[PDB]
Structure formats: C-alpha cells, structure tokens
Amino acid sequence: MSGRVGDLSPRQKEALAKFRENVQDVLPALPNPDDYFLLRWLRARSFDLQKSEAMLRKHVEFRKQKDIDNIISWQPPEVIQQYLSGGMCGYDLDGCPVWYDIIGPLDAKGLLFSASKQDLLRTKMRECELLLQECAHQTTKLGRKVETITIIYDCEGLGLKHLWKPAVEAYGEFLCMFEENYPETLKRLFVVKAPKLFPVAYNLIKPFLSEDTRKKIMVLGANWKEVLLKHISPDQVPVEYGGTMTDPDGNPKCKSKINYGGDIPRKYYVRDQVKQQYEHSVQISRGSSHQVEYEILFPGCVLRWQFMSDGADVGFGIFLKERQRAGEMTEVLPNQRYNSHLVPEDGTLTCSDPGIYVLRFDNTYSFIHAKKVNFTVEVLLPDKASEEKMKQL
C-alpha cells in the first residue's frame, strides 16, 4: 500500500482513525482537517502515531505564532515584492500548480540589506500558503483532490556569489520551515540548466532536505524542455521554458506571473552589512602576517571565507604549499589589500589542484601594530551523486 486515501492497508486505516481521535482538540483551529490533510503528517513519519502527532501539534503552534490564517492578506515589503524572484505559473498535466524558482538573478545581499530576515521568511511562508490555496481552488474546479505542487528550479546563472554564507543560512531556515510545515506537498522538482557549481551548491542545502524531498528532485540534462513537456502541457509553460505561453504583450518569459529578480537599487538599503560573527581571531604584528592552513584533497572543492579587520585594512591572498614565506609558495589568489575594516570581506575560490592551501593575512607593508583580524573559513565539498549527474547530462 502507499498510505494514501483510497489505498490504505488495514493497519494504516486503523492508524488514521486513531490519529484523528488523538489530535481532535486541535482540528477546529485548522482550515480543512480532512483525511488527505491528516495523511500527509502520517506519511511524513511513516505512520508512527507519536511522531506524527508531535509534528502536527508543532505545526499548529507554528500557525498561531506566525498568524498563518491571515498571512495571505499581509503585504510583503515593496523591495521584496519587486525583487524576490520566482512565481506561480501554469498547472501540470495532473492539475497541480507549478512554481518557478529563478536562482541566477536573485540578489541575496540586496534583499538582506533592504529587508528583515523575518519578512523574507514570512514572504516565503506566504508563497506556500498561496500555493496551497491554489491547490484548494484546483480541487474545486477539477472535482478531485489536488494537494501537491510541481517545481521548476532554474539554476541558470548559479555562481559563487550564491554561496555567500548568510544567504545560504537564511535559505536553510526556509527549507526547514517548509519541511516541518508543508509535508507531502512537493510532488516533483525539476532542476534545469544546472551549471558546474551545482554539486557544491546542492551539498550546502542537502542537509536541510528530508529524504522524501530529495527523492523528488530530478536534475535534467540538455533535453530539459522535452522532459518538462512530458509532465506539463505546452500552453501551461512559458515560451522561455519550452512552451507556448506568453504575457498578453507577447513576452516569452511571462513576467506577469514570474519575477526574474535583479540587483536591488541602493536606495532600498537600510544597512550595508548583516550582523556577523567569526570562528577565529588573530592579532597580527606590524610588518608581519598570519597563515591559516586547510588540506584540500578532493577535486571540485570550494574555499569560502569571510573576514573583517579592526580599525585598519589588511592584506589577503591564498597560496599552495614548514612555515614558508609567501614567495616560496604557489600563488593561487594574488595578495591584495582590502578595506575589511569598512566593509566585511567575503569570497570563494574553486580548488582545482589538491594540496595544502594557505590563506595568508598580510601586514608586511604596515607599521600599524597588533591588527586584529576575525575570520571564518570552510572547505565546501561537492555532492558525490550530483557530480556524477553532471558527467552524464
């Protein structure tokens, strides 16, 4: 059996009936606690009554604290409405709403510098409620239950700038929220136009995804447009993605439904940086330097770092190798001075050649003494399975 309405084993039916009795006290506060609704929670925890109940009660508490009942009427900040990419557009062959995620032109720094992380997360919650509401409308129009969504995840333009830690963490917060509050809602997710950086980028959010979500992700190759047309009718897919749908004015991208992001104009900023902490701190003497070592053995790794200096700029460069002078080592990222005391510095480097990498903070050119440098560095690894897919497609 599949644990779905109309296909329950006697044990699952008994569990469903018991589950309803056990959570009776919170059902009135729910929009429509039918059997489909309850079974999403049971399936998400393999019909373990205790875990399923804990999951649903936590969701109920979440709805209360986030005022989900009124979130659709809540209007997100102007900068978010204008620049947060993505959009609901069309229905798949089964009648399920399709959601488009446009990663490339998303300006995470711009959004985080112009709005609170709370409003960003709330906007995402709202999109989820808008999608569920669309499912409810499709259920009425099609005369049958529609409760899942199809996602087209456009990774064209995915680059190193998207690995910026604060953005990834915020996104991770959304994903955990989605996994805990909208179980059994994702039907299928098509990753299209995934670039070379995909395996590393995916490995960053993979920890936030449930096994059920991971199994629904399909990384598509060169024939992605044809694959989409096997699940979605051509008139329901924008011209931009291989279909025939366009905006009334003839735009192939259907911008009336899909937001394509873009960099946020400086006039919207309310800050030039987000609050930041570092895992390490060193005091560098005048005319001296400090070396930080990381062994990179696996190819395809990416070094990601963030650092700030106190009161004065500092030099920074990355080398490949015991304490050697910069000149004795191989220069991978040319040493340069950064005003990391004015604006926090962050960066990434793709590590092609394995070896011992040395990030070197340089103060050899200065008399300013005891410069305090705060930094955080990580070696980002590629998701093995994803690496293999990139070789196939």
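The first residue of the sequence shown is number 1, and the count goes up from there.
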Residues of the deposited sequence left unbuilt between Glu322 and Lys321
4 to 9
Between 342-350 and 326-334, point out the one with the higher average CA B-factor as the PDB entry records it.
326-334
Given 136-144 and 212-220, the range whose Cα B-factors average higher in the PDB entry:
212-220
Whose C-alpha has the highest temperature factor in the PDB entry: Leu30, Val358, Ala54, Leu39?
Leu30
Candidate set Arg266, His290, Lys206, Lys193 [ranked by C-alpha B-factor, highest]
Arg266
Quick check for you: using the entry's CA B-factors within this chain, is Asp154 in the lowest, middle or highest third?
lowest
By its CA B factor, does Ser366 count among the lowest, middle or highest third of the modelled residues in the chain?
highest
For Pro252, the third of its chain into which the C-alpha B factor falls:
highest
Relative C-alpha B-factor of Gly315, binned into the chain's lowest, middle or highest third
lowest
Comparing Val60 with the other modelled residues of its chain, is its CA B-factor in the lowest, middle or highest third?
middle
